[PDB]
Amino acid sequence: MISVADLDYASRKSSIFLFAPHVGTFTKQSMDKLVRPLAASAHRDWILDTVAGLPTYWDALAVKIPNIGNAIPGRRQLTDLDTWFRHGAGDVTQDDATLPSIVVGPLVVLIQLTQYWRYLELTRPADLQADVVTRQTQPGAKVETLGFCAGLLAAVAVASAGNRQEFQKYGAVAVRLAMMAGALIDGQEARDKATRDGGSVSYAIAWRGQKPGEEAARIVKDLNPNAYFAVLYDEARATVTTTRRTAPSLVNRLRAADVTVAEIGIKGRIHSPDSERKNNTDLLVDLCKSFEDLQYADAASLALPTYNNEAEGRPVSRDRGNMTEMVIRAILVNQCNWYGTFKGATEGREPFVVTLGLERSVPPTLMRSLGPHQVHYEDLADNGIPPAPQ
């Protein structure tokens, strides 16, 4: 446990709030330990209101995208989520399955958002968001948010927010979009699982040097269209996803080529170039256009600068328009060039990088140069979400 008092945060040149990817598998039992502090906090009321409304967004998604609507018991999973958040788990030993993304996405967004708020509380000089946004032009008080994969949901929520009310407003947007993205992921995975391909699996891979990296790419190409690079993680690291039917081929060939392979806690296909995902994502983007309450702030009207994962070397520009569309496409279809994005966000600078979430997110080759001005929130003492007063 590292104490906030030992961070020397007051000497920072700037901050980057890094919102982690949704990596990890959960059961009702394990996730409840994270849910209950959320549920008992001062955030409870706005979260309750949000979660209660999710079945109606599901209803809309299910008709717009019927292949997804019929693939998973989404409405029931969402009404169960409301009861879980509102009244308690009720049971964590009989119901023993791994949780679906349609639920885990919303919950991890909430974990990240509440960690962020608590970090502001622990480091305060009250509406903490208004304060950090108003002070952002002070020397050494610049703030940016940087989402990693589905971390973008929370990152762009916070970047949209100029005060507490907007934190709750856009926090709710992020929860809804996480649900809908999660449904597309779950639905496709359920459909895939019914076939000989047997659903998907993801691997963290690592090589050494230009040539083995090219051989890794060759191996993945030879498995077209089963396998793809979901995440470009570090200079010689990536996350690859493939069908279960072809996974042993992928794993064995990569290891034979002196590439290390380790299974990672990612369910289904994210950042996928496949045709079904492409179509479903277009339908989802079209659907979101119809709902004011599914909108982030416009790119030209963000409260704080924020990034995509396209290795731009700069926060998103003011011309970019609809941020809900950008976030949705970024998570579900577009490749995540994390190495290029993170290098681009930090090179030539000395930002204090604060990671919210449940997955360590700073690429090793880039972590060295940040020295002491970084912290992974899970490592902090006193980092529990406080219960609501009274």
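Position 1 is the first residue in the sequence shown; the rest follow in order.
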### Deposited residues lacking coordinates between residue 125 and residue 126 (none, 1 to 3, 4 to 9, 10 or more)
4 to 9
### Task
For the higher mean C-alpha B factor in the entry, choose 23 to 31 or 327 to 335.
23 to 31
### Task
Using the B-factors recorded in the PDB entry, average over the C-alpha atoms of 181 to 189 and of 96 to 104, then report which stretch comes out higher.
96 to 104
### Message
Looking at the C-alpha B-factor values in the deposited entry, which of 168, 241, 317, 290 comes out highest?
### Response
290
### Summary
Highest CA B factor of 364, 351, 340, 37, as deposited, is found at 364
### Task
Could you tell me which third, lowest, middle or highest, the C-alpha B-factor of residue 381 occupies within its chain?
highest
### Query
Among the chain's modelled residues, which third holds the C-alpha B-factor of residue 50?
lowest
## Note on the structure
On the chain's distribution of Cα B-factors, residue 207 falls within the third called highest
### Summary
Among the modelled residues of its chain, the C-alpha B-factor of residue 321 falls in the third labelled middle
### Query
Mind checking which third residue 355 falls in for C-alpha B-factor across the chain?
lowest
